[PDB]
Amino acid sequence: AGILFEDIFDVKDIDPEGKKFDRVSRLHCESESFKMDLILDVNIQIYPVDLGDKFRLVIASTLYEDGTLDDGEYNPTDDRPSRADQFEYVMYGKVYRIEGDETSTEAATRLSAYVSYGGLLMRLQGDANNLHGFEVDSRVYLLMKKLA
Amino acid sequence: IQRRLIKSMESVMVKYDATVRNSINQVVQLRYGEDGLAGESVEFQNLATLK
Amino acid sequence: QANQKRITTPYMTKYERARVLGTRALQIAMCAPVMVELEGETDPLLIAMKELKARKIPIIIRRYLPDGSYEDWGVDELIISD
Amino acid sequence: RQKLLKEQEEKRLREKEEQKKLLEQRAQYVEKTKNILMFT
Amino acid sequence: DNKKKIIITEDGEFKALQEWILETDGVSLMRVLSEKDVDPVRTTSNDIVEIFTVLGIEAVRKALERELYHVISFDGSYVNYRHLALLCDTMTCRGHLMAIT
Amino acid sequence: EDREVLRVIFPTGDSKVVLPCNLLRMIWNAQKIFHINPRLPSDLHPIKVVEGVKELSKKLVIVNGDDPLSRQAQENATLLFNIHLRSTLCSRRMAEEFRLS
Amino acid sequence: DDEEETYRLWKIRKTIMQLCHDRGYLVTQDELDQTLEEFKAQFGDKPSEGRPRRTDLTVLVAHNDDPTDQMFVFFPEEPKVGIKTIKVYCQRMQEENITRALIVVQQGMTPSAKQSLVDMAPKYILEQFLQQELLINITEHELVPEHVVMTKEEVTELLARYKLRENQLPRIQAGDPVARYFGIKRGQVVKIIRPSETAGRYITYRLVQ
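Residues numbered from 1 in each chain as written, not as in the entry; some residues may be left out. Chains lettered and ligands numbered in written order. Part of a larger assembly, values for the part shown. Heavy atoms only, no water. Residues with missing side-chain atoms left out of burial classes, pairs and counts.

Per the PDB record, the structure was determined using cryo-EM to 3 Å resolution.

Next comes the structure, spelled out in structure tokens:
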């Protein structure tokens, strides 16, 4: 499939530290199916998000419904079936950090994957079982859709 | 002050035996900067075992 | 001085590179034979840099030591960094 | 522990060398006092 | 911390002891050093000529490096140490204080 | 031993030093060039780290010569850098911090 | 008036013992670190009346390498030492067959006495020290690096390694405080080992003048 992670999140706070940027807003959200915290930077100018909203987030390694790698190059004249068709807000970034609660001897029970979508930062932290698809310096997509 | 400093140090040079010497061939430093390294390539770092 | 043991650096200094390139460029400009092949180069400086990259400059650098002796290094014997 | 014992007896040898040097300085000071006596 | 007493604790950490220090308006380094309860190891002066007369050529080399560094860095600037070292070696390589004049 | 040598060189606890090669930046460059995974166990033998650092230290020559005087001057010229190198390219740091291959 | 006098005498003796030890003379650890109370026990705590008299403070050490190479340390009573006192000390050195001495004066030394100390050098190498400059050991100062008198073999090895003449080394005056502490004459080279913030350690070599 090419999907590293999928869950439904609920916006629990927007800009706790205050609005830092005008067109960008930080959402602190939590899901229900996996109990994962999410910090996400979104362009609220084009895709406004209100407190208490509920959305489906899908971290993917590729947009093509069939398992097929991406070249990281912009190809607007691409007629293949892309899973971005099923979502409203889509970003493209790279994983730049994977933290955990590991010790010198024990493995990590909880992980924390950090992604940068051209400067818009995301932190998806929760159980390490749900974050095996994430590897540092790896390109991913956001694929986020609002639901009622 | 600038002119005085220049005229005082103008002929001090790194020689091919890597010593720093003046025009009289007297030895000012056995190695430039005590380490024989040029000042463009060095940079700030931290000694991890000091503190 | 024993050529079997030369104490100076095995690297070409920036000043040695500068003067060797200038000298060889003047020699080329004065109709000296070129040691490397040439596609379309007509500037003596470009030809001299190509010869230095190819390690085919027929010049010996006589490095003087403070004691008065000297060490002769072929341009092909030195390590070209830049 | 056996190596600990070897290092311990080595320290004993070094302290014994300290004692032999101390008595050597005594053996030369007993010469030096007569010179200090005829000095003044 | 540049004038505090930096020691190494028994645990191996650097600790800055907050101690009394005196700053005089004149210099008699020769006499002040030889006073009871005065530290003859860290007590210094900014008069490089007295440092040369009391401690010698390498002491004045080091002190002169310190004073030039203090003059350069007081405005937050930074100069590579090899330049100060070369200037200070030029002024002290002949056994006396060679003024740049 | 290098720690005690640094402690007598820098009597104030200032680890900021000016040295040729930015070893942490080179380690980061190696991590990114070879796609080092910090979460997986490494295939670098700590004995290889020790031997490689020793051979490297032998190859960094400021003072050339096999005579004992040249040996001591070589020791002194690269002392601080070799301490920085041995404390940065340590086998433990290379095993649980940098995790290089 | 008196406790400080014995304190000064003890401090001067301590610096002299450290000096002789650094010159390579045989000094026992006991006298090398002698407490002030031990000094009072061995010499007294009333120098003003005559216990100790400075003539009792005289030191006589022997070199570690040569037991016959001894050295005196005299403590003249007069503040300004005169030529007659120098002649007396030279006479004593002739009697005891000693060739090196230190004279720790209090106030100074007369010009005739200094000229006498200078002219008869090839016979008796006897030096002049102020008690004011022996109340501290300058080699313990943080500014003073580690000085080491090199041997003629070491100096030859140095000049052969760096392939240079003695006039090309940096210099140190013969009247330098540290040169006088180590009692080094012209023609000798002193190796200075100092810490360097760029290299860790740095050895330089200064020729005595």
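Here the narrative resumes.
**Student:** When you look at a nonpolar patch on the surface in this model, what are you seeing that I'm missing?
**Tutor:** Residue and element names in this part refer to chain C. A cluster of nonpolar side chains, namely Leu45, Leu46 and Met49, defines an oily patch on the protein surface of about 250 Å² accessible area. Along the chain, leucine 45 falls in helix 2 (residues 44–54). Given the relative accessible area of 44%, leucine 45 is considered partly exposed. (Patch = residues over 30% accessible without salt bridge, like charges linked within 9 Å, V, L, I, M, F, W, Y side chains within 5 Å. Areas by Shrake-Rupley, 256 points an atom, 1.4 Å probe, with all protein chains shown as cover. Salt bridge = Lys/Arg side-chain N within 4 Å of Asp/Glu carboxyl O. Helix = DSSP H or I, 4+ residues; strand = E, 2+ residues; numbered from the N terminus. Buried < 20%, exposed > 50% of the residue type's maximum accessible area, 1.4 Å probe, protein only.)

**Student:** Just checking my understanding: could you explain the pattern of salt bridges for this structure?
**Tutor:** Any two side chains of opposite charge can pair, so long as their charged atoms come close to each other. Inspection of every chain in the model, using the stated rule, returns 44 salt bridges over all chains. Between E:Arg61 and E:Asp89 there is a salt bridge, and its shortest N-O distance comes to 2.5 Å. Of this pair, E:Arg61 sits in helix 3 (residues 57–73) while E:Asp89 sits in helix 4 (residues 81–90), placing them 28 residues apart in sequence. The same class applies to E:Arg61 and to E:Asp89, which are both buried. Between G:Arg92 and G:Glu96 there is a salt bridge, with its nearest N and O atoms 2.6 Å apart. Highlighted residues: G:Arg92 and G:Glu96, both in helix 4 (residues 83–96), separated by four residues, approximately one helical turn. On the basis of relative accessibility, which here comes to 12%, the residue G:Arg92 falls in the buried class. Look at G:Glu96 and you get partly exposed, because its relative accessible area is 27%. One salt-bridge network, held together by shared partners, links B:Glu34, E:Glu58, E:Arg61, E:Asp89, G:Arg194 and G:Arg206.

**Student:** What am I meant to see in the sheet that holds strand 2 (residues 70–74) of chain G here?
**Tutor:** Whenever strands of a sheet pair, they do so through backbone hydrogen bonds, lying parallel or antiparallel. Residue and element names in this part refer to chain G. Strand order in this open sheet of four strands is 1-2-4-6, and the pairing throughout is mixed. Both outer strands of the open sheet, strand 1 (59–62) and strand 6 (125–130), are each paired with one neighbouring strand and no more. Between one strand and the next, the sheet's axes are offset by a mean angle of 15°, whatever the strand orientation. The sheet contact formed by strand 1 and strand 2 spans four bridges and is antiparallel. Note on strand 2: the bridge partner recorded for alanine 62 is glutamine 70. On the sheet, helix 1 (residues 3–23) packs against strand 1, strand 2, strand 4 (100–105) and strand 6 and is oriented at approximately 155° with respect to strand 4. (Pairing = 2+ DSSP bridges. Axes fitted to C-alpha atoms, helices over the stretch in contact; angles between N-to-C directions. Contact = heavy atoms within 4.5 Å.)

**Student:** Is there a simple way to think about the interface of chain G and chain E in this case?
**Tutor:** Interfaces are often described in size by the accessible area the parts lose on coming together. Listed per partner, the contact involves 31 residues of chain G and 31 residues of chain E. Carbon and sulfur atoms make up 55% of the surface buried where chain G meets chain E, a total of about 2600 Å² over both sides. On inspection of chain G and its partner chain E, the count reaches four salt bridges. Put simply, E:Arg66 and G:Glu142 hold a salt bridge, and the shortest N to O gap is 3.1 Å. The tally of links between chain G and chain E comes to 11 residue pairs in polar contact. Within the residue set of the side of chain G that touches chain E, elements represented by two or more residues are helix 6 (131–134), strand 8 (171–172), helix 8 (177–182), strand 9 (189–196) and strand 10 (200–208) of chain G. A breakdown of the residues in the side of chain G that touches chain E according to their chemical character gives 14 nonpolar, nine polar and eight charged. By the bridge criterion, two bridges tie strand 3 (residues 94–95) of chain E to strand 8 of chain G in an arrangement that is parallel. Bridged to E:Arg94 within strand 8 of chain G is G:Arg171. (Buried area = accessible area lost by both parts, 1.4 Å probe. Polar contact = N/O pair within 3.5 Å; in protein donor to acceptor, adjacent residues only side chain to side chain. Nonpolar A, V, L, I, M, F, W, Y, C, P; charged D, E, K, R; others polar.)

**Student:** How should the sheet that holds strand 8 of chain G be read in this particular structure?
**Tutor:** With respect to topology, five strands assemble into an open sheet ordered 3(E)-8(G)-10(G)-9(G)-7(G), the strand pairing being mixed. Edge positions in the open sheet fall to strand 3 of chain E together with strand 7 (146–149) of chain G, since each of these has one partner strand only. As defined by bridge partners, strand 8 of chain G adjoins strand 10 of chain G across two bridges and the pair is classed as parallel. When the sheet's bridge partners are listed, G:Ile172 is paired in strand 10 of chain G with G:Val208. Across the sheet, helix 3 of chain E touches strand 3 of chain E together with strand 7, strand 8, strand 9 and strand 10 of chain G, and the angle it forms with strand 9 of chain G is around 25°.

**Student:** I tried to follow the packing of aromatic side chains on my own but got confused; where do I start?
**Tutor:** To describe a pair of aromatic rings, one takes the distance between the centres and the angle between the planes. Residue and element names in this part refer to chain A. Applying the stated criterion across every chain, the model contains 13 aromatic pairs over all chains. Between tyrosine 47 and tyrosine 89, the aromatic rings sit 5.0 Å apart at their centres with planes inclined by 20°, giving stacked as the arrangement. Of this pair, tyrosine 47 sits in the loop between strand 3 (37–43) and strand 4 (54–60) while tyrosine 89 is found in the loop between strand 4 and strand 5 (92–100), placing the two residues 42 residues apart along the sequence. Both residues of the pair, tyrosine 47 and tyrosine 89, belong to the buried class. (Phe/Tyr/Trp six-rings, centres within 6.5 Å; stacked < 30°, edge-to-face > 60°.)

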